[PDB]
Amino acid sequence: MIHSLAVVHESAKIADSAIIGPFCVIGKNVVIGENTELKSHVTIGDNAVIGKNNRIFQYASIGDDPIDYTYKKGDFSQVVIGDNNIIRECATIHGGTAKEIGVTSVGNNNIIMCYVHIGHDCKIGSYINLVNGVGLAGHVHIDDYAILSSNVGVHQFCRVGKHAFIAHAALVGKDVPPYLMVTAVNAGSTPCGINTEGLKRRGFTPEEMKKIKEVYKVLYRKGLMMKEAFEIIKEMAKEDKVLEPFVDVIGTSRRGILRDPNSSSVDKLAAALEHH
């Protein structure tokens, strides 16, 4: 039911089973799917497409103007949201810009928590947790099952690979390989092993986790340069397909791969001081 105290543009298409609470404002050419609830005080920008079974909390702003100095009124701007999402209080999801395709997209089954910001042209996958205060600048890709903890910041054009975990207040300025744990290097971020807890919970087998950890070693513990490491990883991925996401993220990197700048202190050459 559309509450009598909501404002809805007449061109909006709202499924019968959708709940539009009091004091919601729904813009031009919006589509809202079946069984989606907008609790109260929700603003939906022009052209937004929202799927089924979504729960959107008060003071969430969805599909409104990008914050981009290159944007000007007359540009087409859109947010697409999938199904089964929870979007909490004061979240902001902005539409895309003309320099790409004008689309910000969010997939399925995500938990987007309080004060979370998803900037213009982001691509958010499925089954993701964005904890309170996460901020994603424009053009950020977050892959399936990733966890970004509270106050995590991700700079423009960065990618977080599948099943990664980013710890409280880490700043992500380079691409994060899948499966990784990333801690705050106070200002910045560093690799901190594999997300073994998430992986066990999601049904990864000992054999799969062994291969993922070996890739971690190849990347960060064997004294190899990125060219040499990537070549080894590609060969590994042939036999073990659970490693394919490594090939994706590293191969298509825009901003370079997250490194451990202090690996030389703990790599093979540092720790091998005996024969055998």
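Residue indices: 1-based, along the sequence shown.
Problem set entry | Of 174-182 and 110-118, the stretch whose C-alpha atoms average the higher B-factor in the entry | It is 174-182 that shows the higher mean C-alpha B-factor.
Problem set entry | 96-104 versus 165-173 - which carries the larger mean C-alpha B factor in the record | Result of the comparison: 96-104.
Exercise. Which of these, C192, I86, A91, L130, has its C-alpha atom at the highest B-factor, as the entry lists it?
Worked result: Within the set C192, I86, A91, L130, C192 shows the top C-alpha B-factor.
Exercise. Going by what the PDB entry lists, where does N29 fall on CA B-factor within its chain: lowest, middle or highest third?
Worked result: Middle third by C-alpha B-factor.
Problem set entry | Chain-relative CA temperature factor third for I44 | Bottom third by C-alpha B-factor.
Exercise. If you rank every modelled residue in this chain by C-alpha B factor, which third holds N151: lowest, middle or highest?
Worked result: Tercile = lowest for this residue's CA B-factor.
For this session: Would you mind checking where the Cα B-factor of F76 ranks among the modelled residues of its chain, as the lowest, middle or highest third?
Result: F76: CA B-factor falls in the highest third of its chain.
Exercise. Among the chain's modelled residues, which third holds the C-alpha B-factor of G51?
Worked result: Within its chain, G51 is a lowest-third residue by C-alpha B-factor, going by the deposited values.
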